[PDB]
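Single chain ahead, written as C-alpha coordinates, the form deposited in one PDB entry.
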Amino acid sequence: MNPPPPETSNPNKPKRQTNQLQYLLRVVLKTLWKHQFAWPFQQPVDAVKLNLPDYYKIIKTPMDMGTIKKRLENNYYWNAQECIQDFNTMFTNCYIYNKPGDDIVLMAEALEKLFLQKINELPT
(Lines give C-alpha, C1' and ligand atoms only; values in the text may rest on other atoms or scores of the structure.)
Protein backbone atom coordinates (compact mmCIF):
# COMPACT_ATOMS: atom_id res chain seq x y z
CA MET A 1 0.00 0.00 0.00
CA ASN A 2 1.17 3.46 -1.01
CA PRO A 3 1.24 6.52 1.22
CA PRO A 4 0.57 9.91 -0.35
CA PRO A 5 3.62 11.16 -2.26
CA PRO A 6 5.76 13.86 -0.64
CA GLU A 7 4.40 17.39 -1.02
CA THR A 8 5.65 19.48 -3.93
CA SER A 9 4.05 22.69 -2.66
CA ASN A 10 3.23 24.07 0.78
CA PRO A 11 1.66 27.50 1.17
CA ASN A 12 2.94 27.75 4.78
CA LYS A 13 6.53 27.38 3.60
CA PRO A 14 8.40 30.36 2.11
CA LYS A 15 9.72 30.05 -1.45
CA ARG A 16 13.03 31.15 -2.84
CA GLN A 17 14.98 31.23 -6.06
CA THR A 18 18.77 31.33 -6.10
CA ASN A 19 21.44 30.81 -8.74
CA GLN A 20 22.39 27.52 -7.08
CA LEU A 21 18.79 26.24 -7.09
CA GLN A 22 18.43 27.19 -10.76
CA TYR A 23 21.59 25.21 -11.47
CA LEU A 24 20.32 22.22 -9.49
CA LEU A 25 17.33 22.03 -11.84
CA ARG A 26 18.82 23.06 -15.18
CA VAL A 27 22.15 21.26 -14.89
CA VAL A 28 22.24 18.72 -12.06
CA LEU A 29 18.77 17.16 -12.06
CA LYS A 30 18.19 17.39 -15.79
CA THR A 31 21.52 15.71 -16.52
CA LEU A 32 21.09 12.92 -13.93
CA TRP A 33 17.61 12.34 -15.34
CA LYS A 34 19.13 11.27 -18.67
CA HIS A 35 21.50 8.68 -17.18
CA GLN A 36 20.81 5.04 -18.05
CA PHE A 37 20.31 4.23 -14.35
CA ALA A 38 17.92 7.10 -13.57
CA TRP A 39 14.62 5.35 -14.33
CA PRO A 40 13.99 3.68 -10.94
CA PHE A 41 14.33 7.08 -9.28
CA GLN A 42 12.15 9.22 -11.58
CA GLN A 43 8.94 8.79 -9.57
CA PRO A 44 7.87 7.76 -6.07
CA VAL A 45 8.27 4.06 -5.34
CA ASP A 46 4.95 2.40 -6.22
CA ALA A 47 4.72 -0.48 -3.77
CA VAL A 48 1.65 -1.94 -5.47
CA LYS A 49 3.09 -1.76 -8.99
CA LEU A 50 6.56 -3.00 -8.02
CA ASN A 51 5.31 -5.63 -5.58
CA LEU A 52 7.30 -4.19 -2.67
CA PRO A 53 4.66 -4.37 0.09
CA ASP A 54 7.25 -3.73 2.80
CA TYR A 55 8.85 -0.68 1.17
CA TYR A 56 7.01 1.89 3.27
CA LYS A 57 7.21 -0.32 6.35
CA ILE A 58 10.94 0.40 6.15
CA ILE A 59 11.28 3.78 4.42
CA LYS A 60 9.62 6.58 6.39
CA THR A 61 11.06 9.55 4.51
CA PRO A 62 10.61 8.62 0.83
CA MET A 63 12.11 10.80 -1.88
CA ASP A 64 12.60 10.57 -5.63
CA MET A 65 13.77 12.77 -8.51
CA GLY A 66 10.25 13.34 -9.82
CA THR A 67 9.37 14.97 -6.52
CA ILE A 68 12.64 16.92 -6.45
CA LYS A 69 12.03 18.17 -10.00
CA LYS A 70 8.53 19.40 -9.10
CA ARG A 71 9.86 21.05 -5.94
CA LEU A 72 12.50 22.89 -7.97
CA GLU A 73 9.89 23.89 -10.57
CA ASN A 74 7.69 25.20 -7.69
CA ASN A 75 10.53 27.16 -6.04
CA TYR A 76 9.61 25.05 -3.01
CA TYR A 77 13.12 25.13 -1.52
CA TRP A 78 14.73 27.92 0.51
CA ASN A 79 18.25 27.01 -0.59
CA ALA A 80 20.44 24.56 -2.47
CA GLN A 81 21.34 22.69 0.69
CA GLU A 82 17.70 21.78 1.27
CA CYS A 83 17.47 20.33 -2.23
CA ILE A 84 20.78 18.49 -1.85
CA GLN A 85 19.39 16.89 1.32
CA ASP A 86 16.49 15.48 -0.71
CA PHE A 87 18.91 13.87 -3.18
CA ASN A 88 20.86 12.40 -0.29
CA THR A 89 17.68 11.05 1.31
CA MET A 90 16.82 9.40 -2.01
CA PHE A 91 20.20 7.69 -2.22
CA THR A 92 20.27 6.65 1.45
CA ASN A 93 16.75 5.21 1.20
CA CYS A 94 17.96 2.95 -1.56
CA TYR A 95 20.91 1.73 0.54
CA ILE A 96 18.61 1.21 3.53
CA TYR A 97 15.85 -0.72 1.75
CA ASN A 98 18.19 -2.97 -0.20
CA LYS A 99 21.52 -4.79 0.30
CA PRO A 100 25.08 -4.01 -0.75
CA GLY A 101 25.70 -5.28 -4.27
CA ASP A 102 22.04 -5.34 -5.36
CA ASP A 103 21.48 -4.11 -8.92
CA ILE A 104 19.36 -1.18 -7.70
CA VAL A 105 22.11 -0.23 -5.24
CA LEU A 106 24.72 -0.28 -8.03
CA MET A 107 22.46 2.12 -9.91
CA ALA A 108 22.08 4.48 -6.95
CA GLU A 109 25.85 4.35 -6.27
CA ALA A 110 26.62 5.42 -9.85
CA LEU A 111 24.09 8.25 -9.75
CA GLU A 112 25.39 9.42 -6.38
CA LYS A 113 28.92 9.70 -7.77
CA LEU A 114 27.70 11.71 -10.75
CA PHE A 115 25.60 13.88 -8.42
CA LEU A 116 28.60 14.61 -6.21
CA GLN A 117 30.72 15.49 -9.25
CA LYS A 118 28.12 18.01 -10.39
CA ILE A 119 27.52 19.66 -7.00
CA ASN A 120 31.23 19.95 -6.17
CA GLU A 121 31.11 23.40 -7.74
CA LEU A 122 27.93 25.46 -7.80
CA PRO A 123 27.53 28.96 -9.22
CA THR A 124 28.06 31.92 -6.87
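Shifts are known only where both forms have a C-alpha. Note that residue numbering begins at 1 and tracks the sequence as displayed. Definition used throughout: the rigid core is the maximal C-alpha set that superposes within 1.5 Å between two forms.
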Comparing average C-alpha B factors as deposited, tell me which of 58 to 66 and 42 to 50 sits higher. 42 to 50
As the entry reports it, the stretch among 82 to 90 and 22 to 30 with higher mean C-alpha B factor is 22 to 30
Compared with the other modelled residues in the chain, in which third is the CA B-factor of residue 35? middle
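In what follows, reference is made to the form deposited in another entry, a form of this protein that is not presented.
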Please say whether, between this form and the one not shown, the C-alpha of residue 14 moves by 2 Å or more once the core is aligned. yes
Considering only residues modelled in both forms, extract each run of at least three consecutive residues whose CA displacement is 2 Å or more throughout between this form and the one not shown after core superposition, in sequence order. 10 to 17
